[PDB]
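Here is what each chain is made of, one letter per residue.
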Amino acid sequence: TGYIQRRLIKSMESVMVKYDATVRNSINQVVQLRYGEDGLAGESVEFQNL
DNA sequence: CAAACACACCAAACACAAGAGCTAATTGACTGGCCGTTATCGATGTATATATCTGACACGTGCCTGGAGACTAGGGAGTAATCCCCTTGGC
């Protein structure tokens, strides 16, 4: 499992959310126009019903 | 017939194998040639110890010269009487 976790971490170690509110990597290539397709931190999110 | 690319196959390598944390003990190069120091073997003595021969001193034996002993031969030195020459003595 450790080798898997290492390989995963090294492949996305530089992706981040720039102040333009978009997700890019070191090469400034846009990966997502908004973080998680919504632009919200995963901390303050709760399950709900429609 | 020769050249283009594609596919299947064979043959050759690359890199990875979680995070680490503690403790112990096995390995401590080696023949050989050669130079450089030094220990040893060897000669060439001069100093000291010992042996042979020569020289001076000592004790001892000796050959030689002169001296000494017993005994002898026979005569030199020497009593006892005598004469009377000559000396001392005298007026």
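Residues numbered from 1 in each chain as written, not as in the entry; some residues may be left out. Chains lettered and ligands numbered in written order. Part of a larger assembly, values for the part shown. Heavy atoms only, no water.

This entry lists cryo-EM as its structure determination method and reports a resolution of 3.10 Å.

Draft legend 1. Main features of the sheet that holds strand β2 (residues 22-24). Ordered by their spatial adjacency, three strands build an open sheet running β1-β2-β3, and the pairing between neighbours is antiparallel. If you trace the sheet from one side to the other, it starts and ends with β1 (16-18) and β3 (30-32), each paired once. For this sheet the average axis-to-axis angle between neighbouring strands, irrespective of direction, equals 55°. Where β2 meets β3, two bridges bridge the pair, whose relative direction is antiparallel. Looking at β3, one finds that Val 23 is bridged to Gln 32. (Pairing = 2+ DSSP bridges. Helix = DSSP H or I, 4+ residues; strand = E, 2+ residues; numbered from the N terminus. Axes fitted to C-alpha atoms, helices over the stretch in contact; angles between N-to-C directions.)

Draft legend 2. View of unusual backbone geometry. Of note in the backbone geometry, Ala 21 takes a positive phi value of approximately 60° without being a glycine. Note that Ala 21 resides in the loop between β1 and β2. The backbone phi angle of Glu 37 is positive, close to 65°, even though this residue is not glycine. As for its position among the elements, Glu 37 is in the segment after β3.

Draft legend 3. Spotlight on the pattern of salt bridges. On inspection of all chains with the given rule, the structure shows two salt bridges. For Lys 10, the salt bridge identified is with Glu 13, shortest N-O distance 3.0 Å. Owing to a relative accessible area of 46%, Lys 10 belongs among the partly exposed residues under this scheme. Here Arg 24 ties to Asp 20 by a salt bridge, and the two come within 3.4 Å at their closest N and O atoms. The exposure class of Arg 24 is partly exposed, given its relative accessible area of 24%. (Salt bridge = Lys/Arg side-chain N within 4 Å of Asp/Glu carboxyl O. Buried < 20%, exposed > 50% of the residue type's maximum accessible area, 1.4 Å probe, protein only.)

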